[PDB]
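**Q** Next up is a structure, given as structure tokens.
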Amino acid sequence: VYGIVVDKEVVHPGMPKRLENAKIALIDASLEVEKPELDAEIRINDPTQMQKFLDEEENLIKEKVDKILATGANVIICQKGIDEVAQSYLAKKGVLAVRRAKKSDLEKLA
Amino acid sequence: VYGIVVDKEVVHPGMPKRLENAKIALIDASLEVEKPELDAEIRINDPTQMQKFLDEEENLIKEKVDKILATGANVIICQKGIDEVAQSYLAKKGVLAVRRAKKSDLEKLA
Amino acid sequence: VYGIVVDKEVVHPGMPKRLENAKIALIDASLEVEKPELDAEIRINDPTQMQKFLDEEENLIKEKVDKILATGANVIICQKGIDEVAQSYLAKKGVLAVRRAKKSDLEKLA
Numbered sequence: 223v224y225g226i227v228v229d230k231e232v233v234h235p236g237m238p239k240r241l242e243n244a245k246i247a248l249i250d251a252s253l254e255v256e257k258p259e260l261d262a263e264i265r266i267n268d269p270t271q272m273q274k275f276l277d278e279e280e281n282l283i284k285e286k287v288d289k290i291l292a293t294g295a296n297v298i299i300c301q302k303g304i305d306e307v308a309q310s311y312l313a314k315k316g317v318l319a320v321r322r323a324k325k326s327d328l329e330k331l332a
Numbered sequence: 223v224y225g226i227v228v229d230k231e232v233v234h235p236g237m238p239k240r241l242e243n244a245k246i247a248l249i250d251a252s253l254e255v256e257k258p259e260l261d262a263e264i265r266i267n268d269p270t271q272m273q274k275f276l277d278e279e280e281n282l283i284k285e286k287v288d289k290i291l292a293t294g295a296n297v298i299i300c301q302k303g304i305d306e307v308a309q310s311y312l313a314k315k316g317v318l319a320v321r322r323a324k325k326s327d328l329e330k331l332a
Numbered sequence: 223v224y225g226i227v228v229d230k231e232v233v234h235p236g237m238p239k240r241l242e243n244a245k246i247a248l249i250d251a252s253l254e255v256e257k258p259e260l261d262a263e264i265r266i267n268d269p270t271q272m273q274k275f276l277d278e279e280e281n282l283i284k285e286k287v288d289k290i291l292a293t294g295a296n297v298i299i300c301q302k303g304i305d306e307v308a309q310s311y312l313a314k315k316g317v318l319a320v321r322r323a324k325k326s327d328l329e330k331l332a
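Chains as they are written, first to last, in full-length UniProt numbering: chain Z, 223 to 332; chain G, 223 to 332; chain S, 223 to 332.
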């Protein structure tokens, strides 16, 4: 093939499986909801607290995503586990993303 | 007017503001997310717990809604406060619902 | 046989043992009352609390059932254990359901 070839299926079926003139974004770092247990141990009372908890926590990952799309990339691949909720987000955005992928090829693709 | 007239604006803008051949459902009872604090006081750790908490709790109200639509009514009005999340549900279902309304007229409409 | 054949007796005797023009619903997932112990550990006082507890908890499973019948299927089979209370519900609804069944055949039937 006259270009790099990545052996790993796309992350979500709701993503563009063919982009014209792409702008790859080699993102090497954690891209999944932050386990918040280590940061905090806490109690809970009413459901009012629940919502604003999982909502902003979900918006935390969308941040990293927008901060990356801030460059406007058609495709984005990384070498770590990508959150399943973050997939539905990238899916709704129209991005093509790939899960874990040996750093071994990111460079050759770099 | 050759029929009953209810003085109270519809609950959500995303609802049918005109139904042909309607099948009214006079539902007199509580139709909002159940405050769960009285039932329980509890702590919380990780976000994994959050989701399944607000999710099933949201599905609890949708239950009452489906149990009512179980008769298949085009419109449903009650005399109590209707949850705002339950509105988005009825809105997506294509139902016409009305908030609090003096029992005084429910009967005349009955 | 000129079609798929499932080796597993029906779930409840009160169900249609012969449907004309069926609309199969291959549901692969948990379909039984949710053990609520893991979610919560709690105390109890009076019987007033009991009712509203087992009632809504029973209505929780009926939700999944209605959400599936939302497509209007004559028959529904899965590969997990189906609650016995959920059977009386499907039985009263006039649905034909089957208990655990090797995924091996769900696909061939898919």
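By construction, the Cβ of each residue, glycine as well, lies at the ideal position given by its N, Cα and C atoms.
Mapping the DSSP letters down to three states, classify S/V297 as helix, strand or coil.
**A** For this step, residue 297 of chain S is matched to residue 75 along the third sequence. Strand at S/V297.
**Q** Sort out for me which residues DSSP pairs G/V320 with in a bridge.
**A** The residue given as residue 320 of chain G occupies position 98 in the second sequence. G/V320 pairs with G/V232, G/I299.
**Q** Can you give me the Cβ contacts of Z/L253 inside the same chain, cut-off strictly under 7 Å, excluding the 5 residues immediately before and after it?
**A** Translated into the one-based positions of the first sequence, residue 253 of chain Z becomes position 31. Excluding residues within five positions, the ones whose Cβ falls inside 7 Å are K286, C300, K302, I304, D305, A308.
**Q** Just the Cα atoms here: how many angstroms apart are S/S326 and S/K257?
**A** Taking the first residue of the third sequence as position 1, residue 326 of chain S is located at position 104. Taking the first residue of the third sequence as position 1, residue 257 of chain S is located at position 35. One C-alpha to the other measures close to 28 Å.
**Q** Using a Cβ cut-off of 8 Å, pull out every chain S residue sitting near G/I264, in sequence order please.
**A** What you label residue 264 of chain G is simply residue 42 of the second sequence in a count that begins at 1. Result: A262.
**Q** Taking contact to mean 3 or more Cβ pairs, one atom from each stretch, closer than 8 Å, check whether the stretch 237–255 of chain G and the stretch 238–246 of chain Z are in contact.
**A** The answer is no - the stretch 238–246 of chain Z does not touch the stretch 237–255 of chain G, with fewer than three Cβ pairs under 8 Å.
**Q** Where do the ends of the alpha helix (DSSP H) carrying Z/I290 lie?
**A** Mapped onto the first sequence, residue 290 of chain Z falls at position 68. Here the alpha helix (DSSP H) through Z/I290 covers 269–291.
**Q** Counting only beta-carbon separations shorter than 8 Å, does S/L276 have a partner in chain G?
**A** Here residue 276 of chain S is taken as the residue at index 54 of the third sequence, counted from 1. No, S/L276 does not count as interfacial toward chain G.
**Q** Between the stretch 268–275 of chain G and the stretch 266–274 of chain S, do at least 3 Cβ pairs fall closer than 8 Å?
**A** With a cut-off of 8 Å, the stretch 266–274 of chain S and the stretch 268–275 of chain G do not count as touching, because too few Cβ pairs lie within range.
**Q** Can you check whether the CB of S/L248 is closer than 8 Å to the CB of S/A332?
**A** If you number the third sequence from 1, residue 332 of chain S lands on position 110. If you number the third sequence from 1, residue 248 of chain S lands on position 26. Contact flag set, yes.
**Q** Kindly list the residues whose CB is nearer than 8 Å to the CB of S/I226, restricted to its own chain and excluding five residues on each side of it in sequence; keep chain order.
**A** Position 4 of the third sequence, counted from the first residue, corresponds to residue 226 of chain S. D327, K330, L331.
**Q** Do Z/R321 and Z/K230 have their beta-carbon atoms positioned less than 8 Å apart in this structure?
**A** Here residue 230 of chain Z is taken as the residue at index 8 of the first sequence, counted from 1. Here residue 321 of chain Z is taken as the residue at index 99 of the first sequence, counted from 1. Going by C-beta atoms, Z/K230 is nearer than 8 Å to Z/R321.
**Q** Could you tell me how far apart the beta carbons of S/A319 and S/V233 are, in whole angstroms, since I believe they sit closer than 8 Å?
**A** Position 97 of the third sequence, counted from the first residue, corresponds to residue 319 of chain S. Position 11 of the third sequence, counted from the first residue, corresponds to residue 233 of chain S. Confirmed, about 5 Å.
**Q** So S/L328 contacts chain G; which residues on that side make the cut at Cβ distance below 8 Å?
**A** Here residue 328 of chain S corresponds to residue number 106 of the third sequence, with the count starting at 1. By Cβ distance, chain G contributes nothing, its closest Cβ being about 25 Å from S/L328, past 8 Å.
**Q** What residues of chain G sit near Z/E259, judged by a beta carbon separation below 7 Å?
**A** Here residue 259 of chain Z is taken as the residue at index 37 of the first sequence, counted from 1. Here the neighbours are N267, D268.
**Q** Rounded to a whole number of angstroms, what is the C-alpha to C-alpha distance between G/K324 and G/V228?
**A** Start at 1 with the first residue of the second sequence, and residue 324 of chain G comes out as number 102. Start at 1 with the first residue of the second sequence, and residue 228 of chain G comes out as number 6. Answer to the nearest angstrom: the Cα atoms are 9 Å apart.
**Q** Looking at chain Z, which residues of the stretch 228–261 of chain G have a Cβ within less than 9 Å of any of its Cβ atoms?
**A** The stretch 228–261 of chain G vs chain Z, Cβ under 9 Å: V255, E256, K257, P258, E259.
**Q** Residues bridged to G/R265 by DSSP?
**A** Position 43 of the second sequence, counted from the start, is the residue given in the question as residue 265 of chain G. Paired residues: Z/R265.
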